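Reading through the structure tokens given below for one structure.
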Amino acid sequence: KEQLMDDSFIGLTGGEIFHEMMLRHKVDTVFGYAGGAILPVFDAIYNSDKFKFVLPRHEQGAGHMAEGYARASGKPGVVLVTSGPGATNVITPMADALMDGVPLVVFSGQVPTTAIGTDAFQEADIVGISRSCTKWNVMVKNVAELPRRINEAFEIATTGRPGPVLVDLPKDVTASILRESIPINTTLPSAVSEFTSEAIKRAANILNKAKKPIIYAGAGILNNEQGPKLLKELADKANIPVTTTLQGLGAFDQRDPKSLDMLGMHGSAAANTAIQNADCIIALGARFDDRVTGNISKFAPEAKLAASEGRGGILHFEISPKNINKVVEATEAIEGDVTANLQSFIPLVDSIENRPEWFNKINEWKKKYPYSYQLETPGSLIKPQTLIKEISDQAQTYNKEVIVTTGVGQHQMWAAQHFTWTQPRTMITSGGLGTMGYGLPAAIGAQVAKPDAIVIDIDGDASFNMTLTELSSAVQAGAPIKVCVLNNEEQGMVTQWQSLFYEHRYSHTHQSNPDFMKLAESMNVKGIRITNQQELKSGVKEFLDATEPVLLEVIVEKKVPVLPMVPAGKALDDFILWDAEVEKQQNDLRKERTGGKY
Amino acid sequence: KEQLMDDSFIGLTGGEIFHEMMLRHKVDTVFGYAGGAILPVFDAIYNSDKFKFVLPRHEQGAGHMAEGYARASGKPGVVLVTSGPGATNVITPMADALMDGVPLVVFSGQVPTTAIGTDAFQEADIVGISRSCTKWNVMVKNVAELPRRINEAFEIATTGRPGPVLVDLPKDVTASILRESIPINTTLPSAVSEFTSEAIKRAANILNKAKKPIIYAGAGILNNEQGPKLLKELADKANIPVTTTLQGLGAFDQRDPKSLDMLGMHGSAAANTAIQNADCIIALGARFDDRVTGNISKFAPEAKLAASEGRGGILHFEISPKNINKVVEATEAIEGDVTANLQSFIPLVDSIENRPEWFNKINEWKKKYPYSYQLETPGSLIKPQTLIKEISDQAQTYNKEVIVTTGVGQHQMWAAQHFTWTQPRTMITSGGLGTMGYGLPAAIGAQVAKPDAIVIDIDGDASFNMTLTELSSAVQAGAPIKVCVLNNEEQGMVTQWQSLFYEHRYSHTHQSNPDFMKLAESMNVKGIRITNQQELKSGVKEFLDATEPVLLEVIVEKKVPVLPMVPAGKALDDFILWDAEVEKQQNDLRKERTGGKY
Amino acid sequence: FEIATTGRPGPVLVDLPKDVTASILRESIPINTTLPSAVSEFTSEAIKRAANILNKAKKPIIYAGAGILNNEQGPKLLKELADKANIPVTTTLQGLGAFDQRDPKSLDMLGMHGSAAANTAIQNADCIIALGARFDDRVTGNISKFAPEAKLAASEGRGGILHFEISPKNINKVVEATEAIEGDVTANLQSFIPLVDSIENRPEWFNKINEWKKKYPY
Ligand SMILES: Cc1cc2nc3c(=O)[nH]c(=O)nc-3n(C[C@H](O)[C@H](O)[C@H](O)COP(=O)(O)OP(=O)(O)OC[C@H]3O[C@@H](n4cnc5c(N)ncnc54)[C@H](O)[C@@H]3O)c2cc1C
Ligand SMILES: Cc1cc2nc3c(=O)[nH]c(=O)nc-3n(C[C@H](O)[C@H](O)[C@H](O)COP(=O)(O)OP(=O)(O)OC[C@H]3O[C@@H](n4cnc5c(N)ncnc54)[C@H](O)[C@@H]3O)c2cc1C
Ligand SMILES: Cc1cc2nc3c(=O)[nH]c(=O)nc-3n(C[C@H](O)[C@H](O)[C@H](O)COP(=O)(O)OP(=O)(O)OC[C@H]3O[C@@H](n4cnc5c(N)ncnc54)[C@H](O)[C@@H]3O)c2cc1C
Ligand SMILES: CCCOc1nn(C(=O)NS(=O)(=O)c2ccccc2C(=O)OC)c(=O)n1C
Ligand SMILES: CCCOc1nn(C(=O)NS(=O)(=O)c2ccccc2C(=O)OC)c(=O)n1C
Ligand SMILES: Cc1ncc(Cn2c(C)c(CCOP(=O)(O)OP(=O)(O)O)sc2=O)c(N)n1
Ligand SMILES: Cc1ncc(Cn2c(C)c(CCOP(=O)(O)OP(=O)(O)O)sc2=O)c(N)n1
Ligand SMILES: [K+]
Ligand SMILES: [K+]
Ligand SMILES: [Mg+2]
Ligand SMILES: [Mg+2]
């Protein structure tokens with residue numbers, strides 16, 4: 001019994017116990033902001049050399065920083081905030097983390113247990129509020145159960161589909177001293193079923209019949225280091241073209257001939273065409289989000305027909321049962337970690353040297369469906385697509401890893417389309433919730449996770465405006481991030497929809513921008529401004545060559561649609577393609593309708 | 001039956017119906033930010049001349065702006081945002097509004113009803129999330145019930161204790177067209193009980209026995225235009241000294257001899273002394289918050305004794321039954337609007353010409369307990385207390401109303417203490433939740449509510465850093481707000497607690513500031529910087545004389561405590577007072593302990 | 001009362017504090033509160049599409065449930081449809097009585113303990129007309145193996161599942177509907193039936209049906 005109890009924490013405050021448990025969980029970075037309720041914990045971590053503390057300007061900043069840290073490192077991102085407004089300010093990042101499967105462990109101070117439920121000073125019901133945007137939350141009620149709750153939080157956050165958890169820490173608990181022994185298992189952090197094994201064999205048999213297979217890969221494949229390796233091994237062995245979600249970008253080397261690029265609403269029309277014509281869809285760590293499937297009832301016709309005929313269908317490798325058969329019926333559901341299950345799957349799959357007819361179609365679709373757009377003309381502004389390509393081409397010249405974060409909007413889609421993705425965890429973007437303001441703090445967090453990487457925030461001007469105060473935080477953290485603001489002086493993605501569906505009635509979608517160069521100067525950040533085509537190359541080089549935080553502003557063409565586009569309600573292969581004459585007519589119509597204002 | 005049904009909305013979209021209902025509710029200002037889910041409503045309000053639309057940089061900005069608008073105008077503040085991150089970004093303002101009793105009506109876009117519950121693109125469970133930080137919320141499920149839900153929202157927000165409500169608007173509902181007639185009562189917006197009348201008579205009898213009465217007045221008295229008038233009438237008739245909460249500032253003219261100033265943790269020791277010695281406490285629209293009562297079991301000893309002896313006690317005029325007998329037992333509870341009940345109360349109260357002994361004590365306590373502090377010395381930095389006085393004195397010179405907003409921290413308390421408050425709805429500050437970042441957007445909203453007022457944001461540097469992007473919003477809205485940043489390069493209120501309780505261990509409470517003058521310039525805002533004593537007067541004058549948005553930065557003394565102070569756990573009259581020698585010793589100790597760093 | 005009786009009917013609870021029910025009304029109230037209380041383009045198109053699908057069917061079956069009972073004309077229209085297009089009818093446990101079981105077209109109850117003839121017929125039908133039924137797990141059997149012939153028909157554009165359902169929550173909850181017809185099933189049948197082609201005989205289908213009934217008594 002003495003062997004099962006631990007007394008080594010006796011005499012410590014809850015705060016000191018928190019500090020010790022952080023260490024035992026190999027936490028090397030904490031993002032947070034002080035306040036009254038969380039003071040006992042802040043006193044305990046005072047001048048700690050055991051981890052780096054990152055101080056934002058706003059707790060939303062801390063949340064998104066921790067998300068960026070988590071996406072870049074594969075470790076849980078740890079947040080430490082005070083009660084009340086400190087806690088409610090992390091709600092958007094928690095909801096963000098939930099939608100995108102990001103392991104976020106949020107510790108929020110709380111008013112003393114004697115004051116809870118009295119509408120106390122700086123008291124929020126954060127457990128109630130955050131219940132719908134966490135995998136799990138808890139309020140620690142005494143110091144003896146604090147190690148257990150910390151263990152549970154980290155475990156739940158990082159297993160299954162990763163996600164945010166919140167642990168509420170009353171001030172009197174974290175100030176109290178442990179007087180009793182606790183189970184030694186709480187002071188320490190932490191086979192394939194017959195059913196799954198049979199499903200795997202059945203799925204392999206199905207794939208071995210396929211004549212038009214396609215791999216549809218997502219974020220799940222990134223949650224294991226061997227993930228991308230096994231994905232490639234499968235695609236090579238069975239000779240299968242690979243498409244990814246926005247969140248799967250980097251899982252497959254896009255320079256590979258088998259790469260179909262990104263699928264979905266703004267993905268490649270070649271990818272969208274191929275998945276609509278495939279007889280076998282291998283879904284690896286992807287959840288069939290509504291940005292990807294198009295009109296659900298019209299999605300994957302050829303795979304549905306194949307399943308009914310016993311010669312194909314959908315093979316879904318998914319770790320979370322909630323997401324199995326949620327949107328589309330899986331022909332075979334393979335539950336568990338996709339990477340681990342691929343190890344069992346692949347040796348049952350027949351090696352295939354050639355698929356002449358399938359790959360003839362694939363290669364034809366790729367040739368006819370590039371990411372085309374209207375090029376610059378003499379005197380015109382820089383096109384946003386051209387800027388992205390310029391940044392992508394120059395960024396590879398360096399002998400360093402390149403990590404990209406984005407805001408939300410057109411710039412995000414163009415970044416997705418026009419970068420060439422080759423490495424896992426290099427696309428760090430808000431996809432499920434789609435939070436503007438994400439780009440800058442996510443970049444700081446990723447840069448902290450990866451001090452030797454080039455970290456680039458491709459940001460819209462409206463998105464960037466939302467959290468631009470965190471520039472100071474990059475300087476204070478020593479994070480030499482590279483922010484590129486595409487200045488089109490509009491909420492481009494909304495105006496695209498207003499041009500398309502509301503007859504060019506731009507309702508409150510043009511916000512005023514600060515002078516970004518003077519803003520950078522005020523934040524002690526290097527500033528670069530590119531205003532014309534002739535400055536593009538040299539401007540981007542100065543940007544990438546910088547060894548300090550740097551803000552690049554680029555003046556880009558306004559009222560330019562992201563294409564291709566699958567409009568809401570349309571089948572995944574019923575897309576709009578770029579056309580020069582159509583664009584010209586669209587400009588004329590916009591000009592007349594707005595009286596030349598746009 | 002034809003007389004009871006209305007068909008006048010038939011043929012309109014939900015968005016157009018929303019627009020019409022705004023008008024019928026006399027909404028003249030909407031604060032919001034666009035996005036996909038709320039596009040049908042934005043299309044409907046496109047180029048509306050029926051109200052002013054205010055566009056922030058961040059939806060939290062919209063929320064706090066609407067709060068400031070609501071506090072300044074007495075009208076509900078209306079917020080219009082999109083789904084997902086648009087909605088979760090308003091959570092802190094809603095929680096803020098709930099704690100401070102602010103009528104906030106939040107309209108959030110939602111994904112189409114066909115997509116709800118599928119983890120859809122930009123879908124948040126905002127009804128679930130916001131349940132604990134709203135009086136009430138609802139999701140509109142068809143267009144026919146949209147007028148009814150809007151009516152209910154405005155009614156609930158503005159009656160009882162005012163508070164935030166949220167109305168969730170699915171995109172397909174707001175895009176759908178009304179095809180059927182609806183009850184005409186839903187297309188149009190909207191005696192004292194025997195029990196209360198008897199309680200009033202009993203309370204009057206109790207007051208007529210009192211020898212040491214005191215009025216404890218709060219935000220409730222401000223929720224009626226006749227409120228301050230009746231408060232004064234009562235105090236004059238029965239010869240009663242008046243103290244207010246932070247949220248009650250302006251309810252009573254502080255230049256009146258009867259004024260005891262603010263009570264509580266950082267209120268006047270004279271006020272705190274008087275309430276601890278009063279035999280009759282008349283609580284008018286105040287909720288006995290824990291910042292005000294001190295140690296609850298030791299609060300109001302003389303009033304408790306008087307009640308037990310049938311010659312005094314606590315008379316609580318409260319509109320919300322939840323807040324009656326929540327913290328302290330009321331001797332008599334008078335339910336309902338305090339102003340309306342005062343009309344019945346006052347004529348039952350005996351007129352009193354003099355209370356020689358009580359007012360002798362009062363006047364002695366006022367003389368011995370001023371808001372004393374260490375004055376400037378030659379070459380020293382400006383003291384934050386002196387700056388507030390300078391701003392207060394000069395601001396009265398103008399023939400205009402003066403409205404003050406604040407951030408949260410020491411500057412907030414010094415603003416409360418050292419301004420002279422004389423008019424209702426001139427103190428607009430976050431008290432219950434205590435949200436940093438509140439000051440700037442609240443000022444913009446108040447300035448929009450009151451275009452002819454001088455609106456001053458007394459802000460801390462850390463608070464201001466949290467939402468400083470909204471400077472651009474002030475320019476774009478044409479709101480000539482006056483922001484004064486007290487730059488002490490610290491989170492002063494937290495460092496005060498760290499000096500006091502954690503032996504000068506300043507754990508992560510010193511954030512780096514931008515260059516505020518270059519920041520202002522980048523935002524197209526006038527900038528003034530005061531760095532020494534000799535510039536104080538002329539700097540503040542330039543600040544107040546400006547006719548454009550203006551940012552004043554003042555370099556102020558660091559590591560200065562707010563005094564008086566009732567430490568947590570101490571009786572309301574067991575306070576710390578300012579002492580010159582103590583301050584000097586405290587400085588020496590801080591200097592040695594930090595090795596001269598502080 | 002309104003919420004309880006509209007949409008899919010269900011329970012509601014109203015909590016009545018004693019002081020409220022003892023208190024006396026002192027103020028006037030909106031007169032609309034003292035008194036109790038068209039087909040969308042989208043649904044109308046779905047109905048036409050569903051009728052086209054049924055007119056192609058060679059092995060149709062009606063799967064009828066409690067919803068058809070929530071209108072007095074329900075059973076009448078169910079019979080009118082089955083008679084016009086010559087369609088065998090099976091019901092859930094909760095649909096019993098919706099169709100006269102003495103009728104030759106009756107397949108009796110389907111499901112875990114239903115007629116093996118009914119269960120056989122629904123597994124072999126190319127068109128399933130679901131009328132006010134929610135595909136409960138007592139009825140579908142193994143979901144992934146349910147209605148193979150209807151799934152194949154949908155993929156081939158010659159059949160599928162036509163779901164007449166009043167509650168959107170229950171549409172595409174368990175099985176994908178080829179066409180979803182939202183609203184009251186009885187009201188929608190009035191629009192549906194005249195678009196359906198009259199059929200006098202289905203010799204091969206009903207030969208199978210009658211054989212299954214003979215070999216699968218209780
Ligand atoms: C403006 C905008 C436009 C967008 N347009 C597109 C678009 O055109 N194309 C596109 O693809 N996206 C687009 N999105 C993003 C989209 O909304 C989703 O965020 C994204 O598609 C989801 O990708 P995912 O399924 O791979 O990742 P996730 O949403 O994270 O889902 C991963 C799935 O894998 C599972 N999983 C996790 N770990 C494991 C494991 N170890 N083993 C097995 N399974 C696991 C998860 O449970 C989950 O089911 C857009 C976003 C925005 C803001
Ligand atoms: C750093 C900091 C320090 C603070 N220190 C202090 C301090 O020293 N002193 C201090 O006073 N505050 C202080 N506070 C603020 C404090 O937390 C509360 O916000 C404030 O005291 C509440 O004042 P109130 O009761 O008047 O207003 P409210 O919290 O709004 O309560 C008003 C009450 O009146 C009721 N009411 C509303 N309308 C009516 C009506 N028409 N008729 C009748 N009743 C009505 C309400 O239901 C409620 O019960 C501090 C805040 C911060 C951030
Ligand atoms: C021991 C036991 C064994 C059972 N075994 C069987 C079995 O073998 N076979 C069997 O059938 N059942 C069986 N059940 C019952 C089964 O669990 C379900 O209760 C039943 O099958 C549901 O039938 P239903 O879908 O018709 O009715 P409901 O569950 O009431 O569903 C009716 C559907 O129609 C919709 N609807 C309602 N009104 C309308 C309207 N006006 N217009 C359009 N749609 C409407 C509803 O929203 C709902 O989706 C068994 C129960 C028990 C206790
Ligand atoms: C109004 C002054 C603001 O400064 C502070 N007040 N304060 C505290 O008041 N700390 S506290 O344990 O005794 C407390 C008691 C009752 C209700 C709430 C709290 C609380 O945790 O507030 C954060 C606290 O810890 N700080 C820093
Ligand atoms: C990924 C592109 C982002 O741009 C937009 N997408 N979008 C929409 O997709 N609008 S939508 O009605 O058909 C929709 C359908 C399913 C799930 C969610 C939504 C939604 O409301 O998203 C906001 C929409 O309205 N906009 C502006
Ligand atoms: C916090 C928040 N508010 C609103 C939205 C809605 N929204 C808005 C307003 C977009 C326009 C973004 O503008 P941008 O300048 O950042 O980028 P682009 O001009 O390249 O589109 S995109 C989008 O989904 C959002 N995603 N997040
Ligand atoms: C959003 C948020 N985070 C944290 C806190 C906790 N907190 C903090 C960090 C304060 C210091 C404020 O610093 P300041 O510079 O704005 O003002 P002073 O220096 O005058 O105190 S005051 C306070 O309550 C808070 N109130 N709100
Ligand atoms: K690419
Ligand atoms: K004062
Ligand atoms: Mg833009
Ligand atoms: Mg400060």
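Side chains included, hydrogens not; waters and symmetry mates left out as well; all remaining heavy atoms used. Proteins come first, then strands; the chains are lettered A, B, ... in the order of their sequence lines, and each starts at number 1.
Of the possible donor and acceptor atoms, none in the side chain of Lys298(B) sits under 3.5 Å from a partner among the backbone N and O of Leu572(B). Between the side chain of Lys135(B) and the backbone N or O of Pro162(B) there is no donor-acceptor pair closer than 3.5 Å. Checked by atom type and distance alone, the side chain of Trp421(B) never pairs as donor or acceptor with a backbone atom of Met262(B) at under 3.5 Å. Proximity of a side-chain donor or acceptor of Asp100(B) to a complementary backbone N or O of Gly432(B) within less than 3.5 Å is detected.
Looking at heavy atoms from C-beta onward, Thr406(B) lies out of side-chain contact with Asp459(B) at the 4.5 angstrom threshold. Using a 4.5 Å heavy-atom threshold, the side chains of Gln417(B) and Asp261(B) count as separate. Side-chain atoms of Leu486(B) and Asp461(B), non-hydrogen and from C-beta on, never get closer than 4.5 Å to each other. You'll find the side chain of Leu563(B) stays beyond 4.5 Å of the side chain of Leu577(B), heavy atoms only. Residues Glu59(A) and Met466(B) have side chains in contact (heavy-atom distance under 4.5 Å, counting atoms from C-beta outward). Using a 4.5 Å cut-off on side-chain heavy atoms (C-beta onward), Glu335(B) and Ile319(B) make no contact. Using a 4.5 Å heavy-atom threshold, the side chains of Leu104(B) and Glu67(B) count as touching. With contacts defined as side-chain heavy-atom distances shorter than 4.5 Å, the pair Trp414(B)/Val560(B) qualifies.
No side-chain N or O of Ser259(B) forms a donor-acceptor pair with one of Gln254(B) less than 3.5 Å apart. For the residue pair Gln247(B) and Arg287(B), no side-chain donor N or O sits within less than 3.5 Å of a side-chain acceptor on the partner. Using modelled atom types, one finds no donor on one side chain facing an acceptor on the other under 3.5 Å when comparing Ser507(B) with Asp43(A). Between the side chains of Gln498(B) and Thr509(B), at least one donor-acceptor pair of N or O atoms lies under 3.5 Å. Side chains of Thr435(B) and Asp96(B): a donor-acceptor N/O pair is present below 3.5 angstrom, by distance only. Looking at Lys366(B) and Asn363(B), their side chains never bring a donor and an acceptor atom within 3.5 Å of each other. Side-chain atoms of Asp168(A) and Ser108(A) include a donor-acceptor pair closer than 3.5 Å. In this structure, a donor-acceptor pair under 3.5 Å is absent between the side chains of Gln276(B) and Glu302(B).
When ring centroids are compared, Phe288(B) and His316(B) come within the 6.0 Å threshold. Aromatic ring centres of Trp497(B) and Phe501(B) lie closer together than 6.0 Å. For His418(B) and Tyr373(B), the distance between ring centers is under 6.0 angstrom.
Heavy atoms from other residues, nucleotides or ligands lying under 6.0 Å from CD of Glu225(B) number 12 at most. Within a 6.0 Å sphere centred on NZ of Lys558(B), heavy atoms belonging to other residues, nucleotides or ligands number more than 12. More than 12 heavy atoms of other residues, nucleotides or ligands shown are found within 6.0 angstrom of CD on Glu581(B). Residue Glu309(B) qualifies as enclosed at atom CD: its count of foreign heavy atoms under 6.0 Å is above 12.
In summary, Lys209(B) and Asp279(B) do not engage in a salt bridge, as defined by a charged side-chain N under 4.0 Å from a carboxylate O. Using a cut-off of 4.0 Å between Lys/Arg side-chain N and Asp/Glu carboxylate O, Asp457(B) and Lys482(B) are scored as not salt-bridged.
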CA sep, side-chain torsions, deciding dist, call: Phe345(B), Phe317(B), ring-ring contact (aromatic ring centres under 6.0 Å, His included) | CA-CA 10 Å; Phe345(B) 184 63; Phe317(B) 292 69; 5.1 Å; yes
How far apart are the C-alpha atoms of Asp253(B) and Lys258(B), what are their side-chain angles, what is the distance that settles it, and do they pass the salt bridge (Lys or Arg N to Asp or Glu O under 4.0 Å) test?
-> CA-CA 9 Å; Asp253(B) 191 330; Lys258(B) 291 178 177 69; over 6 Å; no
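Between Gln491(B) and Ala34(A), the shortest heavy-atom distance links the atoms OE1-CB, 4.3 Å.
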Donor-acceptor pairs are to be reported for all side-chain atoms of residues 226-235 of chain B against protein atoms at under 3.5 Å, with residues two or more places apart or in another chain.
from, atom 1, to, atom 2, distance (Å)
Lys232(B), NZ, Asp236(B), OD2, 2.7

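Shown are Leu249(B), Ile215(B), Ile221(B); of these, the side chain to side chain contact (heavy atoms under 4.5 Å, CB included) with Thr244(B) is made only by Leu249(B). Of the candidates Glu390(B), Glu557(B), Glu583(B), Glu557(B) is the only one forming a salt bridge (charged side-chain N to carboxylate O under 4.0 Å, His left out) with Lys383(B).
The distance from the CG atom of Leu222(B) to the CZ atom of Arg425(B) is 6.0 Å, given to the nearest 0.5 Å.
Using the six-membered ring where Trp is involved, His504(B) and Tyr506(B) have ring planes that are perpendicular, over 60° apart on the 30 and 60° scheme.
Annotation: cation-pi pair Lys389(B)/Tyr371(B) absent, no NZ/CZ under 6.0 Å from the ring centroid and within 45° of its normal.
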